[PDB]
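Quick reminder, even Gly has a Cβ in these numbers, built from the backbone with ideal geometry, and neighbours come from all protein chains shown. The values are calculated or read from the model by the stated rules, or taken from the named source; these are not laboratory values.
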Amino acid sequence: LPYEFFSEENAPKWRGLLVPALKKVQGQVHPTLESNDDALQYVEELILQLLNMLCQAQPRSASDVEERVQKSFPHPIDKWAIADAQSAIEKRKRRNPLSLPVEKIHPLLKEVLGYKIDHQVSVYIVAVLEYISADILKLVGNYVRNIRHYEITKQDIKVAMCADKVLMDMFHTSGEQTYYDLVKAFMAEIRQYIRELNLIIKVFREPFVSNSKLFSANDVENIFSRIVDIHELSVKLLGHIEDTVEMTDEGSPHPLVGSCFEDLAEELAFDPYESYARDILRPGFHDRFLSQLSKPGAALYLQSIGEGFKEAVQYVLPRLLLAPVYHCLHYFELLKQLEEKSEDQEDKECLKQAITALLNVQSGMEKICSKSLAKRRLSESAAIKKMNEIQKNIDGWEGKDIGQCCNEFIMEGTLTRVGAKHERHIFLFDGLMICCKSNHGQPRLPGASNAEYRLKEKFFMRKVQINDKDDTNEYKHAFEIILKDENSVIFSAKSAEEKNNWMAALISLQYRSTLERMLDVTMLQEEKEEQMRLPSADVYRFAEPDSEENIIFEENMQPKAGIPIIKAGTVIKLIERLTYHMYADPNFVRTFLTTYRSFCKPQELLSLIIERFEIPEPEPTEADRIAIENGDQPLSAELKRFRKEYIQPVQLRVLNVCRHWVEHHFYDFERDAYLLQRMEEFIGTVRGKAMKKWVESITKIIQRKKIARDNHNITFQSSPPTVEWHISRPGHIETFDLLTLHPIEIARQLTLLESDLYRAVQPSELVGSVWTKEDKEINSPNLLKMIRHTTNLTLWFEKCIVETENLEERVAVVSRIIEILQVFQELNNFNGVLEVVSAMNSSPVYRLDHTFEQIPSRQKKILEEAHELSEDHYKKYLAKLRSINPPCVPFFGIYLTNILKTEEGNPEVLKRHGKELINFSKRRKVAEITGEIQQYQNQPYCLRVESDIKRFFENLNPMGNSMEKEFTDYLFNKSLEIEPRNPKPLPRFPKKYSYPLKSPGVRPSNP
């Protein structure tokens, strides 16, 4: 009685160990695909199925297990598996121990097996289980990567299974054409293309290069013909295309890739494509080819390398070599889509220069492909509505709907079954074979089927192998098929033309898998052989390894964890992650540039990014010296494979953070004249091929800023409300006063004024309490400028009140100020609103009972409304702000208060092993708050600025040349004068204003 899989006895012991572990394996093969618990719960059921049959043989030693593996597991999967499991016993260095919980599997093994086993045996068993787990995810991951889905599901796992012959032997739109999308699409296509290239180079071409005595130099050329060159180009192009996008900020319609093509086209890099397109479409190509796998030694070497290898190299490789053609033709038809949909002038200029330089190459192939022979090979190599028609075309079909096991049809032709009376039309489908007898034109009885065809039987199409010989006997252009538990059927064709057609699609299905597998094995192997030493930690500080005393990460923030994030760490490590060669982080670069002045200085940062930029190259070996001035020179090629792949990412990001720097921090270089000087001189030293583009990028921005500082008047969308005139004629700045100017006009101008101030505020001025530092004027020019405004305005209000001795007039004044509040409220100017509340809560005013008595009851409710904005920690206010759309002027007070609580609630540094790490968590938390500030800086108000009035409020000097304390006392003293205490009589003060005291008021004009 084999051990149950559920298991009916022990169920919660086989479902809570695999799912959590396999999720990590998927990130090892395809770090670009998402995990799905549903899919992972299906894989564990497969891995468990394997664990049973392996324990059936009941091995007691690590040697008895190997036997069961070589027998059950097909080839060559059994040879690579035993090589991996052995690596576990050799105790040799490995990426990581068995991902799957070994201490969870070990006890359960002795239960299923039935007896005691050494720990060395268990590890060997799980080792195999690991190789198989990763093998399934590696396969299904490929298909998900090909269909461009980016997500894996339990469903697509089944599809990849059926496509196999090994795993089945053991387990048994879019009309839209946006400019940005085509780039992301092409980049996805070129990635698949490059993968196919590596398949042709490291799987097909490698064997011909390995065996020299059989295949010579020119012998290989006659087959592939400059295929490597095409690869080195696609990589570079894929490089510059990923770099241009990585440099494109969010404030841009689309990356400028036009310059990229211009460089390659100017160098005529698309020439090897022409040489290739010819050597492949030649009339005498297939001849030299087929006459290459027939020569002595060839037919035997192909088989030794792998089983079924020969069949694909002869009936598939030719079709794979046609890819670079269609690929190259795709560029031309794509560049034209760029010039048409280019949103930039300078960009479109580089597009024309590219297409023009590729006219000779385009016109070339456009005529090479139009050949009477070449054109016939192109159309050949080139839901669901089709399957229903084909299934319908079948009469009395006894199988399950074709769509049960088939998603597509490969080809449709005719063949003659040996021992078969009539030629059978054949429908080709993935995982299925269809045979029918034609009855076209033949008479039928009324009511009987009218279908053209008639099919007797069907085949699985899994695990079938074909061998053919154009024998003396009446067998020609035929293939051999082995029915399971059945005699093989020979299928003949009319000519070799169709023979290759069938052999193509057929061999491709069952053989494609072996390729993708052998490719991943090779690629992975190459990365291991290439030993790369980390830069000397003595000459390069950023090279020092990572630990728990120089850098920290958070587990909470990220479960995968996926994208890494840092809690704290020294400035060195911080900059390392700021320009981490492996991956690029946009969020971190933004945050860092906003909150770096709290623990690092501008001059300091510049000096550090330079150190990070310039990296000492590994000293050439002794043999490189004698050859550095002579032929047969190393050329440091082995070093370039790392230098080029390390320098680029590292230095690219150094120029990236340096790009954002000179764009969103132009004030830093404006504050220190020497800082900018260093910047322009550091760029001058930066030299290189593609480095020019990014250099011109930085320089262009720097010049753009300088011309911005020197000498505006932007326009907005209609329509601006007509300005409201006051009792005093326009232009008369002298008569300007609270009662004189028109209520709503005053609010508009103050709203504009306070809005610019708010927008001007840089999130930097609010980090590390730089406004509290003695050097407040330097770090927070805008913040302070805003604060001073609120003070002056509020004071001005109180001054307009207490100085109005006459009660009748002071009531008017207070009444007017309340009206101005209303217009702040409707203009979403919460600032000005609360600036009025402050004057109404001031000592000199809050005590004027006699004044606040003679004001309308309708206005009191308006004032009391605002008084409630402060209550409950600005609860009412915060709720109101979230229901408001810009333009609006937020109350800045709330932000300052929170920011403080954050920098006081969190230690500036974290102590680890006596060391001191810069707590970056604070920096982010603060940035989160500063974000809520920028959210409202986007859209300005739609109001026409009036020079005189704007100036008037900019020149507000209530205190005159007095001090805060002095002037405030005076106000309170005037309050005790205009309204004495209860016992003291209330004097009758004369009127000061000799103009109409009646409000307009607060009523916009119809026009």
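Some values worked out for this structure:
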item	result
Test result for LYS79, surrounded by fewer than 18 Cβ atoms within 10 Å (Cβ to Cβ), within 24 Å of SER513 (Cα to Cα) and among the basic types (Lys, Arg)	yes
Residue, nearest to the chain's Cα centre (by Cα), within the stretch 686-736, restricted to residues that are surrounded by fewer than 17 Cβ atoms within 10 Å (Cβ to Cβ) and of a type in the set (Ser, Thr, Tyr)	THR699
Residue check for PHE261: part of a helix (DSSP H, G or I), more than 28 Å from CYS350 (Cα to Cα) and among the aromatic types (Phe, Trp, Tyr)	no
Test: residue in the stretch 66-74 that is basic (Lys, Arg) and on the phi > 0 side of the Ramachandran plot	no
Out of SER363, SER372, sole residue that is in the same structural domain as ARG278 (by CATH), part of a helix (DSSP H, G or I), hydroxyl-bearing (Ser, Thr, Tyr) and over 36 Å from the mean Cα position of the chain (by Cα)	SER363
Criterion: within 20 Å of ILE610 (Cα to Cα) and not aromatic (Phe, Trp, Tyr) - qualifying residue of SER755, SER697, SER718, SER728	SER697
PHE797 vs. criteria in contact with a helix residue (DSSP H, G or I) (Cβ under 8 Å, 6 or more places away or on another chain), surrounded by 21 or more Cβ atoms within 10 Å (Cβ to Cβ), assigned by CATH to the domain that holds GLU754 and among the aromatic types (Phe, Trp, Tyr)	yes
Residue within the stretch 320-343 that is over 29 Å from the mean Cα position of the chain (by Cα) and either part of a helix (DSSP H, G or I) or hydroxyl-bearing (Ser, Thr, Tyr) (or both) present	yes
Single match in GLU8, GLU44 (criterion: of a type in the set (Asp, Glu) and over 30 Å from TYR150 (Cβ atoms))	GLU8
Any chance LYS567 is of a type outside the set (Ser, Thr, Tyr) and assigned to a strand (DSSP E or B)	yes
Options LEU534, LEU506, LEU524; residue that is aliphatic (A, V, I, L, M) and either in contact with a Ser or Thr (Cβ under 6 Å, 6 or more places away or on another chain) or crowded, with 17+ Cβ neighbours inside 10 Å (or both)	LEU506
Set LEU741, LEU766, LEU753: member being more than 30 Å from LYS901 (Cα to Cα) and surrounded by 14 or more Cβ atoms within 10 Å (Cβ to Cβ)	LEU741
Of all residues in the stretch 537-564 being assigned to a loop (DSSP other than H, G, I, E, B) and of a type in the set (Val, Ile, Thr), the one that is surrounded by the fewest Cβ atoms within 10 Å (Cβ to Cβ)	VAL539
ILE466 at negative phi, surrounded by 13 or more Cβ atoms within 10 Å (Cβ to Cβ) and within 50 Å of the chain's Cα centre (by Cα)	yes
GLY960 being under 27 Å from the mean Cα position of the chain (by Cα) and surrounded by fewer than 17 Cβ atoms within 10 Å (Cβ to Cβ)	no
Residue count for the stretch 775-834, restricted to those that are part of a loop (DSSP other than H, G, I, E, B) and either among the charged types (D, E, K, R) or under 23 Å from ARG748 (Cα atoms) (or both)	6
Tally of residues being surrounded by fewer than 18 Cβ atoms within 10 Å (Cβ to Cβ) and within 16 Å of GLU9 (Cβ to Cβ) across the stretch 113-124	1
Failed criterion for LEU917 (all others in (1) crowded, with 19+ Cβ neighbours inside 10 Å; (2) touching a helix residue (DSSP H, G or I) at 6+ places or on another chain (Cβ under 7 Å) hold)	(2)
Within the stretch 265-284, tally of residues that are buried (at least 18 other Cβ atoms within 10 Å of the Cβ) and in a helix (DSSP H, G or I)	8
Members of the stretch 282-307 that are closer than 16 Å to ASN500 by Cα and under 45 Å from the mean Cα position of the chain (by Cα)	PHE285, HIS286, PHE289
Criterion: crowded, with 17+ Cβ neighbours inside 10 Å and over 18 Å from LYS202 (Cα atoms) - qualifying residue of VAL316, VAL257	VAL257
Qualifying positions in the stretch 192-250 - part of a helix (DSSP H, G or I) and basic (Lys, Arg)	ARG195, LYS202, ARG205, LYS236
3 or more residues outside the structural domain of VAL571 (by CATH) and farther than 17 Å from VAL539 by Cβ: qualifying helices (runs of 4 or more DSSP H) within the stretch 594-680	none
Sole residue being crowded, with 18+ Cβ neighbours inside 10 Å and touching a strand residue (DSSP E or B) at 6+ places or on another chain (Cβ under 6 Å), chosen from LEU432, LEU415	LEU415
Any hit, the stretch 895-914, residues being outside any helix (DSSP H, G or I), basic (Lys, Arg) and either in contact with a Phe, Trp or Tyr (Cβ under 7 Å, 6 or more places away or on another chain) or assigned by CATH to the domain that holds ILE929 (or both)	yes
Residue identified as closer than 21 Å to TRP80 by Cβ, assigned by CATH to the domain that holds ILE105 and not polar (S, T, N, Q) among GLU130, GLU206	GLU130
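Conditions tested, residue by residue: (1) within 17 Å of the chain's Cα centre (by Cα); (2) of a type outside the set (A, V, I, L, M).
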{"position": "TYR150", "(1), (2)": "yes, yes"}
{"position": "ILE157", "(1), (2)": "no, no"}
{"position": "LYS165", "(1), (2)": "no, yes"}
{"position": "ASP169", "(1), (2)": "no, yes"}
{"position": "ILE194", "(1), (2)": "no, no"}
{"position": "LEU199", "(1), (2)": "no, no"}
{"position": "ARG205", "(1), (2)": "no, yes"}
